[PDB]
Amino acid sequence: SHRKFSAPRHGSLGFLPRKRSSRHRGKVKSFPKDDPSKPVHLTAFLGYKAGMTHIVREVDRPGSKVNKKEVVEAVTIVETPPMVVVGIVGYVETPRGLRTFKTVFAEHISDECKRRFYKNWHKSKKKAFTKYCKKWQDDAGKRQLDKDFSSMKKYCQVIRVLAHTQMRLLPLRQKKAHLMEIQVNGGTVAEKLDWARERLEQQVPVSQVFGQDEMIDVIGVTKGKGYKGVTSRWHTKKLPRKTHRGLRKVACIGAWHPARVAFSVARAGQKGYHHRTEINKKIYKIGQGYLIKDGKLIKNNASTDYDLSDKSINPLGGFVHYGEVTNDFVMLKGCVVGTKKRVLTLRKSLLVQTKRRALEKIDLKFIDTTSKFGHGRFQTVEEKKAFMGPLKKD
Amino acid sequence: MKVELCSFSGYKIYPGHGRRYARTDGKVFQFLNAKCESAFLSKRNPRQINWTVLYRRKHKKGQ
Amino acid sequence: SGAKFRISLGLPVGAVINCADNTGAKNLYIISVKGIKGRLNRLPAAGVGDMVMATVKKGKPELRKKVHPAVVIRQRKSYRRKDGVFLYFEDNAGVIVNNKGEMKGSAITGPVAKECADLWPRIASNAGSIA
RNA sequence: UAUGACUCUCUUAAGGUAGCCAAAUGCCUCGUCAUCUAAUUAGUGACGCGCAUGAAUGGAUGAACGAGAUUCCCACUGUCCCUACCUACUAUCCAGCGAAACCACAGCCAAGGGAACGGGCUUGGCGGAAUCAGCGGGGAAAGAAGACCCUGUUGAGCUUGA
RNA sequence: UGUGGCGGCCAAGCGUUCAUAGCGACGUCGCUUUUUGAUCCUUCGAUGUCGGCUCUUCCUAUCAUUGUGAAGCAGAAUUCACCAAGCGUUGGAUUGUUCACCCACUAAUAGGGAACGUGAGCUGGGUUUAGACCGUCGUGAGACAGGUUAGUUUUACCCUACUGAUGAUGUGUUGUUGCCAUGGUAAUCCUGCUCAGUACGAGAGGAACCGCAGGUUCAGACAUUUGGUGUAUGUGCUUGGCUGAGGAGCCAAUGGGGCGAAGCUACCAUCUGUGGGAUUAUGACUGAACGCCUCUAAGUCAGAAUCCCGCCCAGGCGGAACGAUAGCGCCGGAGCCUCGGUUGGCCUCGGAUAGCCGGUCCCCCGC
RNA sequence: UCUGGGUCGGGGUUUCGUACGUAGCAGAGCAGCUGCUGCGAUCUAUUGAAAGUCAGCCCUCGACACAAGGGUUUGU
Ligand SMILES: [Mg+2]
Ligand SMILES: [Mg+2]
Ligand SMILES: [Mg+2]
Ligand SMILES: [Mg+2]
Ligand SMILES: [Mg+2]
Ligand SMILES: [Mg+2]
Ligand SMILES: [Mg+2]
Ligand SMILES: [Mg+2]
Ligand SMILES: [Mg+2]
Ligand SMILES: [Mg+2]
Ligand SMILES: [Mg+2]
Ligand SMILES: [Mg+2]
Ligand SMILES: [Mg+2]
Ligand SMILES: [Mg+2]
Ligand SMILES: [Mg+2]
Ligand SMILES: [Mg+2]
Ligand SMILES: [Mg+2]
Ligand SMILES: [Mg+2]
Ligand SMILES: [Mg+2]
Ligand SMILES: [Mg+2]
Ligand SMILES: [Mg+2]
Ligand SMILES: [Mg+2]
Ligand SMILES: [Mg+2]
Ligand SMILES: [Mg+2]
Ligand SMILES: [Mg+2]
Ligand SMILES: [Mg+2]
Ligand SMILES: [Mg+2]
Ligand SMILES: [Mg+2]
Ligand SMILES: [Mg+2]
Ligand SMILES: [Mg+2]
Ligand SMILES: [Mg+2]
Ligand SMILES: [Mg+2]
Ligand SMILES: [Mg+2]
Ligand SMILES: [Mg+2]
Ligand SMILES: [Mg+2]
Ligand SMILES: [Mg+2]
Ligand SMILES: [Mg+2]
Ligand SMILES: [Mg+2]
Ligand SMILES: [Mg+2]
Ligand SMILES: [Mg+2]
Ligand SMILES: [Mg+2]
Ligand SMILES: [Mg+2]
């Protein structure tokens, strides 16, 4: 017979293979559509999740109750050191799809990027690209390289560039860099290639890729939770207390005459470590990294136009389970996917953004830097010392 | 923006922290954390609790 | 113009709140919440400013054994405002109000939440304290 | 208006008296009224026309008592909204030791036909070693020569006007 | 398919007039197996026999929502009908209930199937053993789809299916960065402001499009804040006992109780959730058939919660580019095994069919 | 890459709430001496003290030794 009362389905069948992700780095499944009218730019970047904090900001939206009132909003900090471009890959459009055509790497490749090509850097003789790097210093290799770039100009329609992260500017344990193809979007293929050719062996910061108050997408792997039951995995109803064969179960997994178990039935398995793409996160702030000038360092990242302080984005005691953020960072509104110290892919939006929420202008009034390692109650150590006074240890 | 002072301890309450307690006879209080909140709702004197600002001001500690 | 932001609702069906006015009613048993579409095995529940249907359990006998409309003015459950402030009250309190929005009684004993006062002007007129 | 003390008639050994009741007993029935609720096929109090109540086949009542049956209220709580977290022993893996149930052959489906619900047949969809932890849709899964129903010119326990 | 349910044809009449806006007698034709029958084909060396809870999918005979046609459609509200199953269809009192009835919310509280879905998923309220009580029947043992009460719910470690987890084929070995063939697929609805007390209407009343602010249901996350947990057994407090006492500690199956880091976690906190194409219903254009007319016959336009693709999820006994390649690679006579099939090659216009093909350029434009 | 992690120590953060001892003409009082000396829960100062703090917190460039290794396979 029919179901007695109607109820919506638990879970989504659109994220259906809830398995462990085959990749650790988030992957751009679709880049933004290229048009020749726009100038030549990058469409993606790669950051590392540090932590979250507060913003007190001034809201400009006409018609709301919260118009010209201060709000408190959660933000996520992703540390984004500048990336190094080490090669260009071309693509051709085939009736079977989009076949890669030719890859040309740079002459000098750092040990960060060379670590990626090995499972054991300690036992390796570090021989990667050693016979390849003798192609940039002889005439018979340079002519071949120019013919390879000319063939890519003649035959390629999609140009992607190879860039890797800089792991020695991070407080992480890993030294092995992350490589990624970024689709170069701009004018013709010829000037698109003659842009990446000069940016070979060069550093691209996050300011060349993203602007202030841009609505971007975050691609990354969910934090893993292991083999979970159906009550945690699919959020089904808990069976009552009198249930004999366990209560954290789905009671009926199917009818009789469809004598299989359906693929839409909620069943136990791996929860977490799923590759997700969350769209429409606003960039509240592109911070500036630590830099030494005239002997002393400029670390006042979390200072706003209203705060006028000398504090960094790092809270008291540092970010919990991450480290210290000493490079450029991107402040995204709300939470992003994944755990801390996780590599995330920041992608430009696939959509045209014609909305007052998407086009709202953000000014920061206050960034909270109290300790996240407990209930912190002091913004800075100088404020803490000025409130507490002298202790016994002095 | 206006920062508050804790009704039990006396510490500065930054805008994202703490809670507010509005009693039936008015008298809205604000609390830094659940420790000071439970100390207020258990009817305890801040002048007898060592880490509060009022105890330091009464016993003339610091300076 | 401006519309109500959602809050931490914590007063389901069956909740007995107290009646903070001079109608002679003492309690208000919440039998349902207006504006609730529903969900399978999910009780209708309300926060401050939500119109509910209530029933007087003790008080004057001419208010008992019938359904009244009411507006919740105070809740004990902590709710977050957009200013990042978590607020809660000492008790759960409501007043008896007709279907249009005018109050049945005259005066209010105790404060009235800002989320209720900004939506109901005839309760904010008789309110002694705000938030 | 109705009900109807009263009368007449038919009748059997009398024709149910005092009580009591939609009861553990009332088919109709979720009877009617009142109360309890916002809402009650439940509960309680009345009404008695009682299919089929009733006086040691005992009637009515009733303090104390009850691991007896039922209704409501206070207080209390994860019973629930709506789930979450922690601990111990398992389950997991390893060293050693190590069974049993079950088993025509075996095991991916849709439809057709067919002993009228196929794993095998027909037509299609298709199919790729060996495995691990779970799981309860299917094997019309296992246990037990159906206790229900019928037959047997098969029985037993019990009763009586056989 | 009698009965139940649903749908037609004819049209006497109802509808102030008026058969057919909406209905429809007397007749008559059908559909369905969500009703009960009728039958006895399968099952009695056993297919677990009612509900409820839980969970997934399907149907349309569409309650609401999208797009529309018709009214006895002025507006508002409401009826009839089409494409249409994408998304929803609730919280409760009573009863074991299915059903029913009432309260309240809502946008609507539509109907059903899957062995009358679902007992090695639960429960055991009912039914349906043995104990008892009442009423009726029987001389009696006992009987009662008549009430009442108490009454053991076993096994998966096998195969498949499903959920996840290793790996396998073969590209000489391995590594990096990628493509997507195929499967899955998701967002949905409502309120307030303005429009506007405006159109419309004698009046009472009373819209809609574009915008703005939010919310419901769902989905995916996440822990800065609030809450929960807490054996960091972290730090105080405390009962009984014990180490002669202080100090420091221990035991009481976590002794008990405050506060509590990290981690995990809650619409109990927070963030995010999208674009095209062909088109359906329908309304049309041009225009015959049929000198007129006609959305249709040829041709053409607009067109949507549907469909398909995008976005997103997985990544083929499926490819690609590139790096490094240890006794191995690249180039220039002998034979030995094994697997086999074959017995000259066509090195190319685009295409039309009620039309083609090749020259010629003395013409006119250009690449 | 005279460098790398690890351990220890230190600093930062944070949790609880003011450690032991000493001193006090603080202490309801009581007792023994003729004001003193003892018993005394608790209080005050030292003392936001003491204790814990990555095992999955953050910086150290402070001490200590270790890390230039072992085994099994793979060919166009
Ligand atoms: Mg349904
Ligand atoms: Mg049980
Ligand atoms: Mg924290
Ligand atoms: Mg329910
Ligand atoms: Mg009598
Ligand atoms: Mg009841
Ligand atoms: Mg009675
Ligand atoms: Mg009798
Ligand atoms: Mg009797
Ligand atoms: Mg073993
Ligand atoms: Mg078989
Ligand atoms: Mg065969
Ligand atoms: Mg099974
Ligand atoms: Mg069986
Ligand atoms: Mg037999
Ligand atoms: Mg015979
Ligand atoms: Mg016999
Ligand atoms: Mg015998
Ligand atoms: Mg005889
Ligand atoms: Mg019929
Ligand atoms: Mg007529
Ligand atoms: Mg026959
Ligand atoms: Mg059988
Ligand atoms: Mg079976
Ligand atoms: Mg239809
Ligand atoms: Mg069944
Ligand atoms: Mg079953
Ligand atoms: Mg069972
Ligand atoms: Mg029973
Ligand atoms: Mg019995
Ligand atoms: Mg096992
Ligand atoms: Mg597809
Ligand atoms: Mg007018
Ligand atoms: Mg927290
Ligand atoms: Mg807590
Ligand atoms: Mg916590
Ligand atoms: Mg001691
Ligand atoms: Mg013991
Ligand atoms: Mg606690
Ligand atoms: Mg047409
Ligand atoms: Mg068109
Ligand atoms: Mg279109």
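First the proteins, then the strands, lettered A, B, ... as listed; each starts at 1.
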Glycosidic torsion of E:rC116 (syn if within 90° of 0, anti otherwise) classifies it as anti

Could you tell me whether E:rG119 is syn or anti, where syn means a glycosidic angle within 90 degrees of zero? syn

Any base atoms under 4.0 Å from [X], or only sugar-phosphate, or nothing? Heavy atoms, all strands.
X: B:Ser42; value: nothing
X: A:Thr76; value: nothing
X: A:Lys384; value: sugar-phosphate
X: A:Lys225; value: sugar-phosphate
X: B:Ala34; value: sugar-phosphate
X: B:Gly18; value: sugar-phosphate
X: A:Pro62; value: sugar-phosphate
X: A:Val320; value: sugar-phosphate
X: A:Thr130; value: sugar-phosphate
X: A:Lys126; value: nothing
X: A:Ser6; value: base

Nucleotides [N] and [M] paired (Watson-Crick or wobble, under 3.5 Å):
N: F:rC36; M: F:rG27; answer: no
N: E:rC200; M: E:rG205; answer: yes
N: E:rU243; M: E:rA248; answer: yes
N: D:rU29; M: D:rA95; answer: no
N: E:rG341; M: E:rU39; answer: no
N: E:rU163; M: E:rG178; answer: no
N: E:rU279; M: E:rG359; answer: no

Classified sugar conformation, [N], by whichever sign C1'-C2'-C3'-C4' takes:
N: E:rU89; answer: north
N: F:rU18; answer: south
N: E:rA46; answer: south

Indicate yes or no: at least one non-hydrogen side-chain atom of C:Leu11 is less than 4.5 angstrom from one of C:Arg76. no

Do any N or O atoms from the side chain of A:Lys49 and from the backbone of A:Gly338 form a donor-acceptor pair under 3.5 angstrom? yes

Is the base of F:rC57 stacked against the aromatic ring of A:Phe373, taking ring centres under 5.5 Å apart and planes under 30° as the test? yes

Is it the case that the base of [N] and the side chain of [X] share a donor-acceptor contact (distance under 3.5 Å, atom types as modelled)?
X: A:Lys341; N: F:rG56; value: no
X: A:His257; N: D:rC117; value: yes
X: A:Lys123; N: F:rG69; value: yes
X: C:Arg6; N: E:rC267; value: yes
X: A:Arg267; N: E:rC162; value: yes

Does [N] have its OP1 or OP2 closer than 4.0 Å to a side-chain nitrogen or oxygen of [X]?
X: A:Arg18; N: E:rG184; result: no
X: A:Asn67; N: E:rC212; result: no
X: A:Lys19; N: E:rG315; result: yes
X: C:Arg80; N: E:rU226; result: no
X: A:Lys340; N: F:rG56; result: no

Which atoms form the tightest heavy-atom contact between A:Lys333 and A:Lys281, and what is the distance? O-CD, 3.9 Å

Centres of the B:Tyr21 and C:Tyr88 rings: under 6.0 Å? yes

Taking the six-membered ring for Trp and the full ring for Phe, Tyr or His, determine whether the centres of B:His17 and A:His375 are under 6.0 Å apart. no

Less than 6.0 angstrom from the centroid, inside 45 degrees of the normal: does C:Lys57 satisfy that with respect to the ring of C:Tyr29? yes

Confirm or reject stacking between [N] and [M], applying the criteria of under 5.5 Å between six-membered ring centres and under 30° between their planes.
N: D:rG119; M: D:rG120; value: yes
N: D:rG96; M: D:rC97; value: yes
N: E:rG315; M: E:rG316; value: no

Positive for side-chain hydrogen bond (donor to acceptor under 3.5 Å, both in side chains) with A:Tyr273, one of A:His24, A:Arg18, A:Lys225: A:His24

Take nucleotides 102-112 of chain E nucleotide by nucleotide from the 5' end and write B, S or -, depending on whether a protein heavy atom sits under 4.0 Å from the base, only from the sugar-phosphate, or from neither. --SSSB-B--B

